[PDB]
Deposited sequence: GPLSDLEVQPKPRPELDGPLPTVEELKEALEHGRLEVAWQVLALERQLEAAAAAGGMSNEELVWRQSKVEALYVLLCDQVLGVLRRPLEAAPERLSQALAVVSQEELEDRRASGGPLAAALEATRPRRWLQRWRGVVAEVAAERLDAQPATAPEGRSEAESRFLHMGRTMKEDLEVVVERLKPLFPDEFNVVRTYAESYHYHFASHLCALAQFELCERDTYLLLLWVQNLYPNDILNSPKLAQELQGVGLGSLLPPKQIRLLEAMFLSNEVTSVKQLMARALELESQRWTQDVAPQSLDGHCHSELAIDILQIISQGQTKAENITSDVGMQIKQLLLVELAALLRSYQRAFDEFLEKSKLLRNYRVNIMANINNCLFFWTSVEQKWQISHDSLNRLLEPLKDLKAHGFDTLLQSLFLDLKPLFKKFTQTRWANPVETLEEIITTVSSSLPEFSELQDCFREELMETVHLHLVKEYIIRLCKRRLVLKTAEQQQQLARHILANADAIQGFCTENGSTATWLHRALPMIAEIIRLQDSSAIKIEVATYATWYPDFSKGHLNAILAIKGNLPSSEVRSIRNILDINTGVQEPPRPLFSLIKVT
């Protein structure tokens, strides 16, 4: 075997790549250091010998790096490792102890070859991350980048991790060399007034795609946990990016909802017949609105959980906004358009929407029920004004045929009432084009109106009965009617159970002839419907013609309808004021 005598030979060996001889190249330098410190040696010779050393050492370098740029060369990469350490520690040798250099020599010795390597790893991490791979130039850049880095670090943990010794940290050096390059190309875009779409794609990337899809979800996963890389953009700048993105998107859905509303507004305006699933659908506004919201919420869920929650609490306010300005536009629709062929039809479509809002917002937001109801307020107002507007026409046709109980001094109830049932049942049809929930919600309204109206008639102090027999006859009448109403309404979709004992129980107060009895049906009747007051008790006893100072007694009951335990009176007598 060797060594190699002439420096010519050695140079020739380096030139043919062979690095057994790398050790000799250092030996020379060491020898020079020797021959110098022997004193006896020309300066004119020192310079010669040193120029030759450092020239050889340049060559050696370019061979080692030449190998390590593309570690797919062979197995004398162990050689290149060995040398990229011999010189690395020789650096430490000639610190300040080998550090005296006789002049004419020119110090060269912190050579820092491992650092050179890092420079190359980094320069290759930047040749590859920068190759030419569209959603955007930016998003295509990020794509190609993330891909390339996942790929390449996968290669390093797969193949370069067993070849490199522990001193170098192959892995840390590679991931960090790529990582920092990524973060550089991002820091570059941060120095810009960027588009909204751009803000979202880079925020997504930093916050979600990078650390999950690349750093964490692969097989790389396990390794880089050790590395502990940071963000791409810096913390403060990321939080700033959030803060502006929110305002972007929140503004997007604000404007978009606004436009949805405007457009449906004109559908009404334009006498568009709504389309019918089973009851009418203008759920156009319903689902189109909730879709705007859901997609915004996804977009801000697709960064952080916290970006998400922030945009939720932030969207509540603009939803409130919309609903409010919706009620207003529907109301204005009511007030003006009316001749329109699909005025009532439209109304029903809109009323229908409330079901979907209730249903979807109860599941989506998970808010307190007073917060829920606080948001949902102007939908009741819309459904209120809705119902009031469709019904209004039948409540009028019904206005005289109730006077006719008073007009005929209750001569024949059942005929008058049958006229009313006819006049109401001739309205059942179109109200079937209305959501089932609201169907029965409206039936309670009609039911209630029939009962209120009846009790308003009996309380009009416009019939006094002289003798028990006709009070019993009147009772039989009332009861007949109460069974007609309760039956028909229940049978047509009302579930207003509370109303059922309204009329029958009054018939009983009319019919009952003995004092105590009347006191007891009064007690019980205040129990069902406790908004029943002395006012009504009077107007009812007015139709009694006997009993004059048992009035005082029967009334001193009602005198304390005061609960204090629970106050849940569904309005019945609240709504019937007679003085």
Check: So which bits of the deposited chain never got modelled?
Finding: 1-16, 150-154
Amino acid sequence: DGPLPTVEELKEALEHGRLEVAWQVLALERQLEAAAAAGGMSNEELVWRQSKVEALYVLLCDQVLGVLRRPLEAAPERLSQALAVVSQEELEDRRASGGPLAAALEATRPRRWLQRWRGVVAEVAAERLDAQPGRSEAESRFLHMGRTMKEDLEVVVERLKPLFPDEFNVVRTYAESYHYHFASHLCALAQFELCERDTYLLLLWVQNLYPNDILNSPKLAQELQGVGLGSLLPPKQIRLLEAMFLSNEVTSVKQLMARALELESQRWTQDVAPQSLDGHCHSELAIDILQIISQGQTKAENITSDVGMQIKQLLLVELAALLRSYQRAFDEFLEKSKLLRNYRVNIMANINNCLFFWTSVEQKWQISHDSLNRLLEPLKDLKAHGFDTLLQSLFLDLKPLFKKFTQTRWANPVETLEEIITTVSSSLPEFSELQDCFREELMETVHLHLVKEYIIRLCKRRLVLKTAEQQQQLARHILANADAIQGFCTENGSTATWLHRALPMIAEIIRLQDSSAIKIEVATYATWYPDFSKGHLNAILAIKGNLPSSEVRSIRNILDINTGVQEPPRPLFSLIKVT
From here on, numbers count along this sequence of modelled residues.
Item checked: Stretch with the greater mean C-alpha B-factor as recorded in the entry, comparing 565-573 against 551-559 -> 565-573
Check: Mean C-alpha B factor from the entry: is it higher for 278-286 or for 212-220?
Finding: 212-220
Next item on the list: Report the option among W113, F330, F402, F245 whose CA atom has the maximum B-factor in the deposited record.
Entry: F245
Checklist line | Residue selected from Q310, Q472, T423, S494 by maximal Cα B factor | finding: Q310
Notebook entry, point to check: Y174's Cα B-factor: lowest, middle or highest third of the chain?
Noted result: middle
Notebook entry, point to check: Among the modelled residues of its chain, does the C-alpha B-factor of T524 lie in the lowest, middle or highest third?
Noted result: lowest
Item checked: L263 CA temperature factor, ranked by third within the chain -> highest
Margin query: Is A103 in the lowest, middle or highest third of its chain when residues are ranked by C-alpha B-factor?
Written below: middle
Next item on the list: Would you mind checking where the Cα B-factor of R95 ranks among the modelled residues of its chain, as the lowest, middle or highest third?
Entry: highest
